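A short worksheet on the structure shown next.
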Amino acid sequence: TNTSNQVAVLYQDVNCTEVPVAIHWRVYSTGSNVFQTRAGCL
Amino acid sequence: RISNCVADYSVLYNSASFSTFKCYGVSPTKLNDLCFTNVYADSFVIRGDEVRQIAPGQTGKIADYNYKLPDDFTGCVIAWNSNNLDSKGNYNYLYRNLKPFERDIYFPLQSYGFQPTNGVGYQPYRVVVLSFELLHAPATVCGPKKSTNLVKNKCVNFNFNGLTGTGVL
Amino acid sequence: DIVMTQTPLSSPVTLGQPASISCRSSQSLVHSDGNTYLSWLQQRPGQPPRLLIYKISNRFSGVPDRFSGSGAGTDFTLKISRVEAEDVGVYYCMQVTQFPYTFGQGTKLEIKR
Amino acid sequence: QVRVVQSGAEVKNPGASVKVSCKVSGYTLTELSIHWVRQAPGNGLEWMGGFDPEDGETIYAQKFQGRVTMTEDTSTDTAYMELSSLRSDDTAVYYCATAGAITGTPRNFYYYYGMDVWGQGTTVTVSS
Amino acid sequence: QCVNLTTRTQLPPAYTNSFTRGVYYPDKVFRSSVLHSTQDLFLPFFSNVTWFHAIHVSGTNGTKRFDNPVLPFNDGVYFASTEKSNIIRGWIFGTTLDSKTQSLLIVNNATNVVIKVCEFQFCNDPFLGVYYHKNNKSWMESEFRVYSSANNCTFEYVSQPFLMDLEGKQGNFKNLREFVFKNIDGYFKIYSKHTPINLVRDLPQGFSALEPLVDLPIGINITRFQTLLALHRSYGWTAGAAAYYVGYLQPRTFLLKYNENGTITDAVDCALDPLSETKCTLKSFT
Ligand SMILES: *[C@@H]1O[C@H](CO)[C@@H](O)[C@H](O)[C@H]1NC(C)=O
Ligand SMILES: *[C@@H]1O[C@H](CO)[C@@H](O)[C@H](O)[C@H]1NC(C)=O
Ligand SMILES: *[C@@H]1O[C@H](CO)[C@@H](O)[C@H](O)[C@H]1NC(C)=O
């Protein structure tokens, strides 16, 4: 936090299509800055 | 609402008129040694079997339509068979949210009546609920016990507005 | 006492010409506030005196563009561009400067015949 | 807008008490102070009664002094002047007007309309 | 005498971010100077708040567009004001505000304050009015005219005024009043804070905590509240561009910091941002 207040969020072991529908570029998801991984959607 | 006064719960407790005096929140004996921030007295009359219904975690149709105590209740409920007190039917004792202190204003009004001929069970029973508010703020209503001088810098047992402890000041 | 008196009694006039009335004063009308005050009342025949002006600088509500302030010293003047028939009644000149509130006799306006 | 209302007429005799009404509408009587002012038919106005804002009471005329009092009610907002020994100078339409003080939110300055609003007025008749 | 002069046109809605406004002192002392999580309802940070004009300022003057819409109260209200003159000196609370349900009224005097519950029969226009009082008496209302009549006044209360004006305001500093009105259990709670502000017409960034003024026991339900303002009869209402901001509270702003003296210098909102939630989870600001 001493360096910037910008953060990323990892939804572990879920599909990037299911993340936006998750009630829980923060909420509404983004075509830019979305990544898939064996650990989850980043 | 009772404030700016010195309470004497010992005298009230001594009276034998109160059929039931058990306090759910606290013990009656300890009341004198304790001080309360505010006191609210709610007085009314019920059927008599609603006393069981009228209690913390107790429900009754008349109580639900009229008055329901909060799940947690730090107070006293004093109910007594006021047939002798209320001996006289009385069409004014008309039994017509469940939030603390529920409120209300075909006609919703309903009729009722009791007479000395009627059975004692059906006759009214008087109830007074004393709710003690403890906001941990300056308490206006305290017990009758008189205070004592203050000491400092020595290991002493103390008491302030009803909170007790041992230590140095 | 500020002696107020309207010199004329009647004023028959033909349509379309400035006309006015003089309102003399024995002593000055200067007010303590430093601003002069004036008042004029128009009473149409059989009507209450309609306040033409409570102040010369600010005339009363409902005054025709005709009536405008003017005058020479003690004499006042309600200048008119083109006279209208309705002004055929009594006239009064008042000063709200002092508490006694002394008034003149009054003046009557008529149509030339 | 400002209006004024008054009584109709009076029938009296010399040396007898008479009562004449006045009221200020449009601007409430509180908004200004009534000056009970009297005149003859087409004559100068006599300052019979002036409700001084500074004194907050009715002061009488020097010409006809010792001849008048007043009676007013606040709940009914009815104001009457109890005059006496009326004359031909009084035998005319009684026009009563009021002096008003206008100021912004603060009391920076108070105006003196002297006689702001006028009404129909009241007549008077004196017969021996 | 209830005289109606308000117009019948709405105002173009305006908004502005709160910038962390709406944090107040709960309960007794905590001098630890360390965080203390709490679960109570506040105004979420960076949530936009409307901006009503009591006397809609349009064109040459705003006096031609008097407008004081009736706003819903909801769970609670954050009411912010910066009016120079106390045109807004009252408040009304109730579920219907029509001769039923024992509505609640609050009025502020030039040197006092009176709260009452009389099941008021409100006139269609909630105004008060002010008059001049004849001899050696300045402006003062002869009678209140907020409502048609009061009925039995179940609850009464009088005390010192809530609003303070003794502060000497200059051309730079103008007072800002913040109030949090809440209705929990049988208690109606008002947490007020008055402070000078000069940066902008809006609410400058910073922090400040609202101390409690009173805790009135009133057994009434509040759904809609219509800001009551004593329309100053400048025959003919007038206001120095009087405006007020209304925000609706939500049940989450948790972490609270304390300093050496015992003041809430900073706070966090766990649900605002993922970083804020991380800060809440660790119970640390950094
Ligand atoms: C779920 O993710 C897998 C990753 O291999 C992908 O093949 C699949 O299509 C996804 N299902 C969706 C997006 O419904
Ligand atoms: C205010 O924020 C809400 C969400 O809380 C949003 O829907 C609305 O459009 C915003 N209004 C503005 C920014 O004027
Ligand atoms: C509050 O504590 C700080 C830190 O020690 C100190 O500088 C300041 O003077 C204190 N303020 C008051 C009002 O006690």
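In the structure tokens, chains take the letters A, B, ... in the order shown, each chain's residues start at 1, and ligands count up from 1 in the order shown.
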
Residues of chain E near chain B: apply a cut-off of 10 Å, count only C-alpha atoms, and supply the list as a list in words.
residues 27, 28, 100, 101, 102, 185, 186, 217, 218, 219, 220 and 221 of chain E

Go ahead and dump the residues you just picked, N, CA and C atoms, as an mmCIF file, in the first residue's frame.
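For reference, part.cif as written:
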data_model
loop_
_atom_site.group_PDB
_atom_site.id
_atom_site.type_symbol
_atom_site.label_atom_id
_atom_site.label_comp_id
_atom_site.auth_asym_id
_atom_site.auth_seq_id
_atom_site.Cartn_x
_atom_site.Cartn_y
_atom_site.Cartn_z
ATOM 1 N N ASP E 27 -21.008 4.614 21.203
ATOM 2 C CA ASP E 27 -20.796 4.116 22.559
ATOM 3 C C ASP E 27 -19.762 4.909 23.357
ATOM 4 N N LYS E 28 -19.074 4.229 24.277
ATOM 5 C CA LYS E 28 -18.230 4.853 25.287
ATOM 6 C C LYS E 28 -16.788 4.953 24.784
ATOM 7 N N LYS E 100 -52.526 10.997 10.707
ATOM 8 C CA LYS E 100 -52.576 9.598 11.106
ATOM 9 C C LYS E 100 -51.184 9.142 11.520
ATOM 10 N N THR E 101 -51.149 8.060 12.296
ATOM 11 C CA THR E 101 -49.934 7.340 12.663
ATOM 12 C C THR E 101 -49.026 8.129 13.599
ATOM 13 N N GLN E 102 -49.517 9.207 14.208
ATOM 14 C CA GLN E 102 -48.774 9.932 15.237
ATOM 15 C C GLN E 102 -47.422 10.416 14.704
ATOM 16 N N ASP E 185 -34.591 0.429 17.300
ATOM 17 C CA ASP E 185 -35.323 -0.064 18.469
ATOM 18 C C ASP E 185 -36.414 0.964 18.759
ATOM 19 N N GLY E 186 -36.544 1.457 19.988
ATOM 20 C CA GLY E 186 -37.496 2.509 20.282
ATOM 21 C C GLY E 186 -36.834 3.864 20.421
ATOM 22 N N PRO E 217 -36.459 8.744 23.251
ATOM 23 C CA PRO E 217 -37.318 7.561 23.139
ATOM 24 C C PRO E 217 -38.669 7.908 22.539
ATOM 25 N N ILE E 218 -38.862 7.576 21.265
ATOM 26 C CA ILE E 218 -40.105 7.839 20.551
ATOM 27 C C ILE E 218 -40.549 6.539 19.900
ATOM 28 N N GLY E 219 -41.771 6.109 20.202
ATOM 29 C CA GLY E 219 -42.297 4.882 19.638
ATOM 30 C C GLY E 219 -43.051 5.107 18.346
ATOM 31 N N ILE E 220 -42.361 5.620 17.325
ATOM 32 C CA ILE E 220 -42.972 5.924 16.040
ATOM 33 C C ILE E 220 -42.113 5.331 14.931
ATOM 34 N N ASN E 221 -42.762 5.040 13.808
ATOM 35 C CA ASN E 221 -42.100 4.520 12.620
ATOM 36 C C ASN E 221 -41.920 5.650 11.616
#

Protein and nucleic residues near ligand 1, 7 Å, only C-alpha atoms and all ligand atoms, as an MDAnalysis selection string
chainID A and resid 15:17

Requested write-out: N, CA and C atoms of the selected residues, as a PDB file, in the first residue's frame:
ATOM      1  N   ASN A  15     -14.557 -20.410 -13.994  1.00  0.00           N
ATOM      2  CA  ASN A  15     -14.459 -19.984 -15.378  1.00  0.00           C
ATOM      3  C   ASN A  15     -14.752 -18.494 -15.499  1.00  0.00           C
ATOM      4  N   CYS A  16     -13.971 -17.821 -16.344  1.00  0.00           N
ATOM      5  CA  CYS A  16     -14.114 -16.380 -16.499  1.00  0.00           C
ATOM      6  C   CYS A  16     -15.508 -15.992 -16.964  1.00  0.00           C
ATOM      7  N   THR A  17     -16.243 -16.916 -17.585  1.00  0.00           N
ATOM      8  CA  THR A  17     -17.629 -16.634 -17.941  1.00  0.00           C
ATOM      9  C   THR A  17     -18.519 -16.609 -16.706  1.00  0.00           C
TER      10      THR A  17
END

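The spacing separating CA of residue 84 (chain D) from CA of residue 55 (chain D) amounts to 23.5 Å.
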
9 Å shell around ligand 3 using only C-alpha atoms and all ligand atoms, listed as a ChimeraX atom specification
/E:259-263

CA of residue 110 (chain E) to CA of residue 83 (chain E), distance in Å rounded to a single decimal:
15.3 Å

Please identify all polymer residues within 7 Å of region 150-159 of chain B, counting only C-alpha atoms, omitting same-chain residues fewer than 6 positions from it, and present them as an mmCIF file with N, CA, C and O atoms, in the first residue's frame.
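The result, stored in result14.cif:
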data_model
loop_
_atom_site.group_PDB
_atom_site.id
_atom_site.type_symbol
_atom_site.label_atom_id
_atom_site.label_comp_id
_atom_site.auth_asym_id
_atom_site.auth_seq_id
_atom_site.Cartn_x
_atom_site.Cartn_y
_atom_site.Cartn_z
ATOM 1 N N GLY B 165 -14.764 -3.511 41.608
ATOM 2 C CA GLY B 165 -13.418 -3.953 41.299
ATOM 3 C C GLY B 165 -12.499 -3.682 42.467
ATOM 4 O O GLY B 165 -12.907 -3.145 43.500
ATOM 5 N N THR B 166 -11.239 -4.068 42.288
ATOM 6 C CA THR B 166 -10.202 -3.873 43.291
ATOM 7 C C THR B 166 -8.967 -3.307 42.614
ATOM 8 O O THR B 166 -8.546 -3.814 41.570
ATOM 9 N N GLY B 167 -8.387 -2.264 43.196
ATOM 10 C CA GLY B 167 -7.196 -1.686 42.614
ATOM 11 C C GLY B 167 -6.848 -0.360 43.256
ATOM 12 O O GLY B 167 -7.412 0.032 44.281
ATOM 13 N N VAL B 168 -5.890 0.311 42.624
ATOM 14 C CA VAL B 168 -5.406 1.623 43.026
ATOM 15 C C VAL B 168 -5.947 2.660 42.057
ATOM 16 O O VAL B 168 -6.079 2.411 40.851
ATOM 17 N N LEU B 169 -6.251 3.839 42.586
ATOM 18 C CA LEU B 169 -6.763 4.954 41.805
ATOM 19 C C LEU B 169 -5.726 6.066 41.765
ATOM 20 O O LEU B 169 -5.081 6.360 42.776
#

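For chain B, the set of residues given helix (DSSP H, G or I) by DSSP on the backbone reads residues 9, 10, 11, 12, 13, 14, 29, 30, 31, 50, 51, 52, 53, 61, 62, 63, 64, 65 and 66 of chain B.
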
Export C-alpha atoms of the chosen residues as a CSV table (one decimal), in the first residue's frame?
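So the final result, stored in selection_15.csv, reads:
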chain,number,residue,atom,x,y,z
B,9,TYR,CA,-36.2,-1.4,45.3
B,10,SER,CA,-36.0,-3.0,48.8
B,11,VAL,CA,-39.4,-1.4,49.7
B,12,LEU,CA,-41.0,-2.5,46.5
B,13,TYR,CA,-39.7,-6.0,46.8
B,14,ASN,CA,-40.9,-6.3,50.4
B,29,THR,CA,-31.8,-9.1,45.7
B,30,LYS,CA,-28.9,-7.5,43.8
B,31,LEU,CA,-31.1,-4.6,42.5
B,50,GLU,CA,-50.8,-14.4,29.0
B,51,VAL,CA,-48.3,-13.9,31.8
B,52,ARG,CA,-46.7,-17.2,30.6
B,53,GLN,CA,-47.2,-15.8,27.1
B,61,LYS,CA,-52.1,-14.4,20.2
B,62,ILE,CA,-53.2,-11.5,22.4
B,63,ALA,CA,-49.6,-10.7,23.2
B,64,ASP,CA,-48.6,-10.9,19.5
B,65,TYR,CA,-51.5,-8.6,18.5
B,66,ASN,CA,-50.8,-6.2,21.5

Compute the chain E side of the contact with chain D at 12 Å, counting only C-alpha atoms, and hand it back as a ChimeraX atom specification.
/E:1,84-87,130-142,231-240

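Straight-line separation from CA of residue 24 (chain A) to atom 14 (O, counted along the ligand's line) of ligand 2: 24.4 Å.
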
If we count only C-alpha atoms, what is near residue 91 (chain B) at a cut-off of 10 Å, once residues fewer than 6 positions away on the same chain are taken out, given as a PyMOL selection string?
chain B and resi 110-114

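Neighbouring residues of ligand 2 at a cut-off of 9 Å, counting only C-alpha atoms and all ligand atoms, are residues 13, 14, 15, 16, 17, 46, 47, 48, 49 and 50 of chain E.
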
Next, write the just-selected residues to a file, as a short mmCIF file (atom, residue, chain, number, x, y, z; two decimals), in the first residue's frame, keeping N, CA, C and O atoms as the atom set.
data_model
loop_
_atom_site.label_atom_id
_atom_site.label_comp_id
_atom_site.auth_asym_id
_atom_site.auth_seq_id
_atom_site.Cartn_x
_atom_site.Cartn_y
_atom_site.Cartn_z
N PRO E 13 -32.01 16.98 -11.30
CA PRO E 13 -31.25 16.29 -10.24
C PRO E 13 -29.76 16.55 -10.37
O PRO E 13 -29.21 16.60 -11.48
N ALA E 14 -29.10 16.70 -9.23
CA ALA E 14 -27.66 16.87 -9.16
C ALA E 14 -27.10 15.87 -8.16
O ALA E 14 -27.80 15.40 -7.26
N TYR E 15 -25.83 15.53 -8.35
CA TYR E 15 -25.16 14.52 -7.54
C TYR E 15 -23.75 14.99 -7.24
O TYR E 15 -23.23 15.92 -7.86
N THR E 16 -23.12 14.34 -6.26
CA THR E 16 -21.73 14.59 -5.93
C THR E 16 -21.26 13.53 -4.95
O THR E 16 -22.01 13.13 -4.06
N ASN E 17 -20.02 13.08 -5.11
CA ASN E 17 -19.48 12.03 -4.26
C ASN E 17 -19.35 12.53 -2.82
O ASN E 17 -19.00 13.68 -2.57
N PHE E 46 -17.80 7.43 -0.89
CA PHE E 46 -17.82 7.60 -2.34
C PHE E 46 -19.15 7.16 -2.94
O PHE E 46 -19.21 6.67 -4.06
N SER E 47 -20.24 7.33 -2.19
CA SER E 47 -21.59 7.13 -2.69
C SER E 47 -22.21 8.50 -2.94
O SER E 47 -22.31 9.31 -2.02
N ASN E 48 -22.62 8.75 -4.18
CA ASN E 48 -23.10 10.07 -4.54
C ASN E 48 -24.36 10.43 -3.77
O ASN E 48 -25.19 9.56 -3.46
N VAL E 49 -24.50 11.71 -3.44
CA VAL E 49 -25.62 12.22 -2.66
C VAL E 49 -26.30 13.30 -3.48
O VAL E 49 -25.63 14.11 -4.14
N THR E 50 -27.63 13.33 -3.45
CA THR E 50 -28.39 14.32 -4.20
C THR E 50 -28.04 15.72 -3.71
O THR E 50 -27.18 15.88 -2.85
#

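In terms of minimum interatomic distance to residue 52 (chain C), D:116 ranks closest within D:128, D:95, D:76, D:116, counting only C-alpha atoms.
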
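Take the candidates C:65, C:1, C:110, C:86 and check each one against chain D using only C-alpha atoms; the shortest distance goes to C:1.
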